[PDB]
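Asks: Have a look at this one.
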There are 2 protein chains.
Amino acid sequence: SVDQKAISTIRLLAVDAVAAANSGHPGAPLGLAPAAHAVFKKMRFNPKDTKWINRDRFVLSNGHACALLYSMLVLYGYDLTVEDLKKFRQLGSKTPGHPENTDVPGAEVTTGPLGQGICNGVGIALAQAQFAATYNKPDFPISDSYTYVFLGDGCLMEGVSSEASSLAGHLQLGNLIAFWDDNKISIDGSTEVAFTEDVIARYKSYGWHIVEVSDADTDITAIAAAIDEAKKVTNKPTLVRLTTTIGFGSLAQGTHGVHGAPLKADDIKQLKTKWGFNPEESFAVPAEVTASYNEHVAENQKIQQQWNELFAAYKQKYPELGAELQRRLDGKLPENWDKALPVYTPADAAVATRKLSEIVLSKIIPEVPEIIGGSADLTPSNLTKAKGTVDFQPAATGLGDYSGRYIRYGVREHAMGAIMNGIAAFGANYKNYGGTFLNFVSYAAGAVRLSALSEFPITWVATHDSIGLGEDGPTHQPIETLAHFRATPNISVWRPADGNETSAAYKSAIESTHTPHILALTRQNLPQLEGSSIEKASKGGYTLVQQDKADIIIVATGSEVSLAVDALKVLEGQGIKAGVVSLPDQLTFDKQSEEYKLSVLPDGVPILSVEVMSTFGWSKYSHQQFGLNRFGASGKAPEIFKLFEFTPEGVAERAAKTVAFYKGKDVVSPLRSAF
Amino acid sequence: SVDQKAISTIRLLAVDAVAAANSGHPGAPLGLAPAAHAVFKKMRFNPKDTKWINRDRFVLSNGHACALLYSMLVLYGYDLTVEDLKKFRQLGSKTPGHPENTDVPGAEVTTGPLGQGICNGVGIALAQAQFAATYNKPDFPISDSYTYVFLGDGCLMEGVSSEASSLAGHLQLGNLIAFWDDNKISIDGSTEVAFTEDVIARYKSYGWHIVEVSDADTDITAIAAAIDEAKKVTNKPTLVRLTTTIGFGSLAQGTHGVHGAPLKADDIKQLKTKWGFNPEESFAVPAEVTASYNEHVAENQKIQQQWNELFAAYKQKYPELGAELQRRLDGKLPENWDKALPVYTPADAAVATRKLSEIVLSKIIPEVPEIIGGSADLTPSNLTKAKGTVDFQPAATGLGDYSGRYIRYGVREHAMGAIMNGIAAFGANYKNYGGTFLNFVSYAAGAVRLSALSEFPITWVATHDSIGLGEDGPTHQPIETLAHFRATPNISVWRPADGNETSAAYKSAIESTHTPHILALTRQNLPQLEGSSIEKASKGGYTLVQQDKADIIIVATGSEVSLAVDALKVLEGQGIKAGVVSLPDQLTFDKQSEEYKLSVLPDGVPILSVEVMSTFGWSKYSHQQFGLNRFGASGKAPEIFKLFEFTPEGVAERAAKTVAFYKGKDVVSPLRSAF
Ligand SMILES: Cc1ncc(C[n+]2csc(CCOP(=O)(O)OP(=O)(O)O)c2C)c(N)n1
Ligand SMILES: Cc1ncc(C[n+]2csc(CCOP(=O)(O)OP(=O)(O)O)c2C)c(N)n1
Ligand SMILES: [Ca+2]
Ligand SMILES: [Ca+2]
């Protein structure tokens, strides 16, 4: 049949791509081709409009199987060709060894690190439910799309997928349909060696619906029926168990050797002849397969055409919501939304930056409907919920509604991070955030790094940033955390010192389209600074106190800026004139012009950094660094600062030593380099 | 009864400790006091010998509840007193806000970061099973101890606990007995808002046994019976569901407000009167409670006394095993064990450092019985299993034995990290390791940081360290990873360049008693270096190529040392004389004498670092840094190195620019500082 020929075409494209690269993973593509064929035939999508907001989404969580995804995209006429498949895993190609949303048309997210994609799918589905609840009206199903996820045993072993699956079951996400490649093989061999749990019983315990397909190597009728069954269960996400043979058809099928290395040439020949293909030919695409797939594309394009007319009619029937939806689909924030950002003067009271963050959210959430967010069981500590908003929950629980804007993630930082990536991936200008203590953002590093690689504008509201949190002690007090994320490409790590800087940090985070943000916020109160503004802090680094005859410049962030200002006064009594630079975001600062940066960190003056955590990275901006390179302590925060000499006198002493160390030396800006 | 009085004493000590600090968590201590009383009365332990190898272990995974643990330790006469309780959460005290094994006698591990302790308990139980299988003989139950863990809803939400619980069920760890504080309250309120899964059904799916205690606020008879029942189920770990009221007895019982803040003074008064205590008195310890607890201690001490005689008789009956056991309990490695480390010369073939690591393990595992380890589903990639060894599995599976030495962790990096901490915590000189790709050590950051804080000598075998891995691409290629871990206090991050350096890295990792190790290892082959040795590499940094008239010194690690040596030859043709420093471990180097370090990085010469990942940290050792501060690429590894100019010519160009940049300048060692 043409369906059988399509499945063989998919299998052989994937195997031929791996063969050409002499690298990659043929086993799962061979096992999952029937399911991929069946799922894509149920999906609504436009290969010529990858951003249609009502498309069904597909996520390959077992990203090593990407030769399968690329084969589907090629066969359906996305902006990816057989010539690209021939360049699988080759430098600069559109077919990298794991899928990257920035590079691959039709890759919704970046997968490969196991466990992430299923969590991203939870986030896409969460966003779809929130979006539909916000915009749909009688006779206007603006959003009614599904989220289809393929995942394997490795994803099911990673704890992040347990977190997201527990939460997705709780949230009754009935438009999520996941498919487990139940092939009983991982890299170390049989799953009997390490993975003997009853997966199905576990998913039932989360509140998922289950469909089992016992012969997923051939039974596309049952796979299609499983999708139909899943669509009838509107209040549970569904897991479809696909019992497959890894490497189906290979001489080496059902073995770990077929997971992750190219097949032997003689194996590929027998695959081709068994399936009616020419063993002398590679990258074959039978025209009947193209015709069949083109028919489905044409039908999907007529569906999108009708959706466009529905949207036009929606704009007439619901003028306000229609204009809001149009603006979001254009990627634009509300005009002058930033006029809602709070502004402070030096006469205003001291406030913790976690509380300043609460106040910002309270002002901007009512003005910017595409902001949603939550906390990992730290809502009253992170201060992440605006009063008067309702939680995102299924209405059946009585605890919220899908139109809600605040997500109770539970104690699930890693899944929160990956779900945030999925919400961003949904599109529609979602600007979403997640709160935890800064030290526990580290639990989510796998997802955070993917936010950076995927270029998603997600935001971590990361409170209790330092030893300033006090009594909870060193298990809670960040030391390495900012260095870790600042060393990751494409992460904006804001550590605002006061009210105006906190507003600048949010302006950056919400305006972002390609850069994730981490906002490092204090437990403890900080004064409003003389010299701060949204305008200056928006530059990432700025001269807070200008001293034309400076003997030293002190560069600081967050809670240490006020400390530097106090140290300047101590230094004046010692006959030393200091300037102060505030550096609320190193990435934003780095992106400014060379001339601007040199106006902040000029030649000819020693520069001392002050920040109560690791000194790593700080030599970019300073000659000497006063930081904290040991773990913290359990006690009242002011006593910890005194213990480590983060006091005006301790800073002044090190500043004076820095001035003395450079006597008789020629000093150039830390911004200078040899290459 | 005296038992009722003991429970009230525990509750009130915990509440009074929180009250004195005006900080901390009274709710779970109030709810769990009956269970703590019952469990400690079943446990065998010696407060005067916290290291008795056959003690039962207790782990408080919900570490915020530590006022409960400290109260138990005080009542049982550990080296912790009521005066220490009065200093709960105060700077420098023995009662920090979360338990720290380095500081608190009777704290087996450091908890507080949720999810960790239960995984540590899995590791303690894994170690006990391996230890018993290694040493027990007929009539000689050298090891027969249990592992008791308390955990709460937050631990059950964290994915790391799912990973470890799946694995523990697979491993049939029948001496593990965990207790879930089922109080239906977390920080965000009712668990109905985010945590509605059927926990018991999930634990059954992992292969755990379940006991439910419906009235755990009072029913210590049922808690004791649950322990007895768990001990009869020798092939499954047991979860005991303790249905409790958070804050039991408080006016605010059963509310989130009692989780994490001190009780009101009037609330404490009514608690005391309801339970027969003086509301005017704090830190009361009724002498009858002390007497009852002392009776149990005295019985336990007689049990240990008899164990010591059993051990003496074991040494006569089994002379070889007895001497091995004695050596391990003394904390000593075998005499001259390091003579088994492989040694290489520059005439030997190029080898990837992952393969050199395999060879080391192959030589040292037969010589050092306290080495065990595993991989997170990457055994044939990390090369972590010595040929001829058997896997650690329950014999009932036919797949291994508890005497085995190789652990199949599955795709569970975070739990692997926390399980490793538990194996180390067991003691008996265990030197244990865990393999994954370096980029996915990041999935385990929560546990890795705790290895450092807890001072455990665990080892990560972290292969595929860079863009040198090639085709898997940027989702797999570390950039920030070494900077992150080097910025964490107390982590030895070895990046060996060749065979001799790899042996030095293992010598450090195995000899370690207080510092975790990460060994960053290559996929690709590297040459044996002229000038390397175990002796020199053991210093962490050393002069590989000495040049008395150096125009520049190039400092490098790992795969970039050979690159630096090749660049030296290019530079010679340009009239530039270079020296080369190899810096296989920055932490070990930092610990050398100032004079030694200056002999490696002297004054008076520009120093350029070369390492194909983040430049963060490198200014400690260099004036200019050539690194990779962007994500990688999917392609053949040599082509990626060429793309980023990590070639002999690219290094030479930057070295020449560095020499030119310092012409006319006075250069002092990067090791110098102002303070
Ligand atoms: C977080 C993470 N850890 C480890 C890996 C390395 N890895 C890639 S594929 C794989 C095995 C996955 O097994 P499974 O999902 O069952 O795939 P299949 O064998 O069916 O192809 C592993 C461990 C990874 N990609 N991500
Ligand atoms: C990894 C991690 N994330 C977040 C926290 C912050 N935190 C401390 S206690 C707590 C709530 C724990 O709830 P539960 O375990 O049910 O404790 P209980 O309310 O019963 O005292 C949280 C979120 C943490 N300690 N560790
Ligand atoms: Ca599999
Ligand atoms: Ca709880």
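Sequence positions for chain B are given in Swiss-Prot numbering; the residues included correspond to 3-677, in order.
Looks like X-ray crystallography, 1.0 Å, at least that's what the header says.
A Cβ is built for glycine as well, from the same backbone N, Cα and C atoms used for every other residue.
As annotated by Swiss-Prot, substrate binding site applies to B:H27, B:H261, B:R356, B:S383, B:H466, B:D474, B:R525, with the evidence given as similarity to another entry. What Swiss-Prot records for B:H27, B:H261 is site 'Important for catalytic activity', and it gives similarity to another entry as the kind of evidence. Annotation source Swiss-Prot lists thiamine diphosphate binding site at B:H66, B:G114, B:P115, B:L116, B:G156, B:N185, B:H261, B:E415, B:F442, citing similarity to another entry. Taken from Swiss-Prot, the feature Mg(2+) binding site applies to B:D155, B:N185, B:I187. The active site, proton donor feature in Swiss-Prot is assigned to B:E415.
In the displayed structure, how are the listed features positioned relative to their neighbours?
Replies: Shown in sequence order, B:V20, B:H66, B:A67, B:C68, B:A69, B:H261, B:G262 are the residues of the chain, 6+ apart in sequence, with a C-beta less than 8 angstroms from the C-beta of B:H27 (substrate binding site).
Residue density at B:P115 (thiamine diphosphate binding site): 27 other Cβ atoms are found within 10 A of its Cβ, drawing on all protein chains shown.
B:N185 (Mg(2+) binding site) is surrounded by 27 other CB atoms, counting those within 10 A of its CB over all protein chains shown. B:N185 (Mg(2+) binding site) falls within neither a helix nor a strand when secondary structure is assigned with DSSP, and so counts as coil.
Take the CB of B:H261 (substrate binding site) and look out to 10 A: across all protein chains shown you find 22 other CB atoms. In the three-state DSSP classification, B:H261 (substrate binding site) falls within coil.
Mapped onto three states, the DSSP output places B:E415 (active site, proton donor) in helix.
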Asks: Where ligand 2 binds, which of the recorded positions B:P115, B:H261, B:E415, B:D474 are close by, with Cβ under 6 Å?
Replies: B:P115, B:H261
Asks: Going through the binding-site residues B:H27, B:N185, B:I187, B:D474 in order, which have a C-beta under 8 angstroms from some C-beta of chain A?
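Replies: Near chain A - Cβ to Cβ under 8 Å - we find B:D474.
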Asks: At its widest, how many Å does the recorded thiamine diphosphate site span between Cα atoms of B:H66, B:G114, B:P115, B:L116, B:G156, B:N185, B:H261, B:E415, B:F442?
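Replies: Value for the max Cα separation, rounded to a whole number: 35 Å.
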Asks: Out of B:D155, B:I187, B:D474, which binding-site residues lie by ligand 4, with a C-beta less than 6 Å from some atom of it?
Replies: B:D155, B:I187
Asks: Calculate the distance in Å between the alpha carbons (Cα) of B:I187 (Mg(2+) binding site) and B:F442 (thiamine diphosphate binding site), and round it to a whole number.
Replies: 33
Asks: Do you know offhand how many angstrom separate B:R525 (substrate binding site) and B:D155 (Mg(2+) binding site) by C-alpha?
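Replies: Cα to Cα, B:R525 (substrate binding site) and B:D155 (Mg(2+) binding site) are separated by 41 Å.
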Asks: Among the binding-site residues B:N185, B:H261, B:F442, name every one whose Cβ is found under 6 angstroms from ligand 1, counting any of its atoms.
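Replies: The qualifying binding-site residues are B:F442.
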Asks: Specify the secondary structure state of B:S383 (substrate binding site) as given by DSSP, simplified to three classes.
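Replies: Note: B:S383 (substrate binding site) is helical by DSSP.
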Asks: Of the binding-site residues listed here (B:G156, B:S383, B:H466, B:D474), which is spatially closest to B:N185 (Mg(2+) binding site) when Cα positions are compared?
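Replies: Answer for the nearest of the binding-site residues: B:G156.
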Asks: Per residue, counting other C-beta atoms within 10 angstroms of the C-beta, which of the recorded positions B:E415, B:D474 reaches the highest number?
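Replies: Of the recorded positions B:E415, B:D474, the most buried by Cβ count within 10 Å is B:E415.
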Asks: Which state, by DSSP, holds B:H466 (substrate binding site): helix, strand or coil?
Replies: coil
